[PDB]
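I have placed the structure first, in the form of C-alpha cells, so that the comments after it can refer back to it.
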Number of protein chains: 2
Amino acid sequence: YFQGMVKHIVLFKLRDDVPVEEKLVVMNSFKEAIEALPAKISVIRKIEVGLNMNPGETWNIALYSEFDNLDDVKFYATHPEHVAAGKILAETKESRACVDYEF
Amino acid sequence: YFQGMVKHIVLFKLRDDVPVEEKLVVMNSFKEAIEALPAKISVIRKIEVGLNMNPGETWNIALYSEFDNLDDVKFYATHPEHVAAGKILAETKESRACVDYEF
C-alpha cells in the first residue's frame with residue numbers, strides 16, 4: 001500500500017586519491033554521526049548509512065532515509081546537527097547523487 | 001537485527017539536454033520494466049523505482065532493492081530481463097551511482 005511518505009536517498013563518492021585509512025575514518029565517522037541524528041531531529045522516520053562492499057562499484061556511502069514529506073526532508077537538511085554531520089565529508093567528498101521520491 | 005543480506009541502491013541522471021518529454025517517457029518505461037522483474041527473477045527480495053519529485057535535486061531515478069548476497073545481485077544484473085530494462089536508459093543516461101551494502 002501507498003504510504004504518502006518520502007524516501008530521501010543520497011549516494012556519495014569520495015575522491016580516489018584519499019588514503020584507505022582516511023576513507024575508512026571519514027565513512028565510519030559520518031555513519032555514526034548520521035545514525036545518531038534521530039535523537040536530535042524529530043522528523044526523521046528512519047535513517048541508515050551503508051558503506052559500499054562491492055569492489056565492482058565506485059561510490060562509497062549510501063544514506064537511506066524516510067520522512068513524511070519534503071518539508072521534513074528540508075527541516076532535516078538544514079538542522080544544525082545534520083549540518084555538522086555533513087561537514088565530516090567536506091575534505092574528501094567528490095560527488096553527491098540524490099533522489100527524493102514518494103512511497 | 002542484522003539480516004545477513006544486501007541492499008543494492010542505484011541512482012541515475014539523464015543527460016541535461018534530453019527534452020523533458022522524452023526524459024519522462026524513459027523514466028516511466030524504466031520504472032514499469034524494473035517493477036515487472038520480480039515475477040521473472042526469483043532472487044529479487046524487494047525492488048522499487050522512485051522518480052525524483054524534489055526540483056532542488058538533479059538526479060532523476062532511484063532503484064532501491066534487496067538481495068541475499070552479492071552473487072544474487074550479479075545474477076539479477078546479468079539477467080536478460082534486467083538487461084532489457086536497463087537498455088531503456090541507454091540512449092539518454094548520463095551518470096550511474098551505486099552502493100551495495102550489508103544489512
Side-chain angles (χ1 to χ4, degrees), chain A residues 7-41 44 46-66 73 76-100, chain B residues 2-13 43-47 50 52 57-79 82 86 89 93-103:
Chain A
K7 306 202 183 184
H8 169 66
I9 297 183
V10 193
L11 304 185
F12 297 95
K13 184 173 178 308
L14 309 182
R15 296 186 279 96
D16 296 334
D17 63 346
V18 173
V20 174
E21 279 79 11
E22 181 172 2
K23 290 195 179 145
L24 293 166
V25 166
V26 166
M27 287 183 298
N28 291 344
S29 171
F30 180 74
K31 173 175 173 75
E32 185 174 43
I34 293 292
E35 296 189 331
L37 292 177
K40 301 284 193 164
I41 307 181
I44 297 171
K46 169 172 183 166
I47 197 154
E48 74 188 21
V49 167
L51 314 179
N52 183 51
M53 47 56 168
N54 189 344
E57 300 294 347
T58 62
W59 290 60
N60 298 97
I61 302 169
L63 185 154
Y64 173 77
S65 63
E66 303 178 358
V73 178
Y76 151 90
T78 58
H79 193 283
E81 291 297 312
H82 173 261
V83 170
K87 287 171 182 174
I88 300 179
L89 305 183
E91 297 292 302
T92 56
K93 176 174 44 190
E94 180 185 344
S95 301
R96 174 181 174 279
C98 174
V99 173
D100 294 334
Chain B
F2 180 74
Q3 310 287 303
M5 286 179 67
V6 167
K7 300 200 185 184
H8 169 63
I9 302 194
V10 189
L11 299 182
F12 299 94
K13 184 169 175 154
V43 299
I44 301 167
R45 303 290 175 244
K46 183 172 174 160
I47 198 154
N52 181 54
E57 301 295 352
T58 65
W59 292 60
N60 321 82
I61 301 166
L63 186 146
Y64 172 83
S65 65
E66 294 172 9
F67 300 87
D68 291 345
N69 56 57
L70 284 183
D71 279 341
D72 286 0
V73 173
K74 175 138 230 72
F75 184 96
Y76 153 86
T78 55
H79 190 286
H82 174 257
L89 303 182
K93 177 174 62 156
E94 180 59 13
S95 309
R96 172 186 174 278
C98 170
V99 169
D100 296 330
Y101 66 94
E102 293 184 71
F103 76 108

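Here is the naming used below: chain letters follow the sequence lines, and residue numbers restart at 1 for every chain. Any value given below was found using the heavy atoms of this structure, including those in side chains, with hydrogens, waters and symmetry copies removed.
- Note: A:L37 CG to A:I47 CD1 = 5.5 Å, rounded to the nearest 0.5 Å.
- The aromatic ring centroids of B:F75 and B:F67 lie 6.0 Å or more from each other.
- Atom-to-atom distance recorded for A:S65:OG and A:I9:CD1 is 8.0 Å, nearest 0.5 angstrom.
- A:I44 and A:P38 make their closest contact through CD1-N, 4.0 Å (heavy atoms, listed as atom of the first residue, atom of the second, distance).
- Evaluation of the ring-ring contact (aromatic ring centres under 6.0 Å, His included) rule for B:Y64 yields A:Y64 as partners, not counting sequence neighbours.
- In this structure, A:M27 and A:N52 have side chains that are not in contact, with every pair of non-hydrogen atoms separated by 4.5 Å or more.
- Applying the salt bridge (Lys or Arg N to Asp or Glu O under 4.0 Å) test to every pair with at least one member in residues 65-79 of chain B, sequence neighbours left out, gives these pairs: B:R45-B:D68.
- Checked against side chain to side chain donor-acceptor pair (under 3.5 Å), B:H82 has the following partners two or more places apart in sequence or in another chain: B:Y76.
- Interatomic distance, B:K7 NZ to B:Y101 OH, rounded to the nearest 0.5 Å: 4.0 Å.
- The two residues A:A85 and A:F30 make their nearest non-hydrogen contact at O-CD1, 3.5 Å.
- Of all heavy-atom pairs between A:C98 and A:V10, the closest is SG-CG2, 4.0 Å.
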Could you pull out every donor-acceptor pair under 3.5 Å between side chains of residues 86-95 of chain A and any protein atom, sequence neighbours left out?
{"residue": "A:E94", "atom": "OE1", "partner": "A:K13", "partner atom": "NZ", "Å": "2.8"}

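- For A:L14 against A:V26, the heavy-atom pair with the smallest separation is CD1-CG1, 4.3 Å.
- Residue pairs meeting the side chain to side chain donor-acceptor pair (under 3.5 Å) criterion with at least one member in residues 22-33 of chain A, sequence neighbours excluded: A:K31-A:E35.
- Looking at heavy atoms from C-beta onward, B:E57 lies out of side-chain contact with A:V99 at the 4.5 angstrom threshold.
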- Query: Passes side chain to side chain contact (heavy atoms under 4.5 Å, CB included), A:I61 versus A:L51? Steps please.
  - Reply: CA-CA 5 Å; A:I61 302 169; A:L51 314 179; 4.2 Å; yes
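- Applying the side chain to side chain donor-acceptor pair (under 3.5 Å) rule to A:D100 yields the partners A:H8, B:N54; only residues at least two apart in sequence or on another chain are considered.
- Distance check, rounded to the nearest 0.5 Å: CD1 of A:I34 to CD1 of A:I41 gives 7.5 Å.
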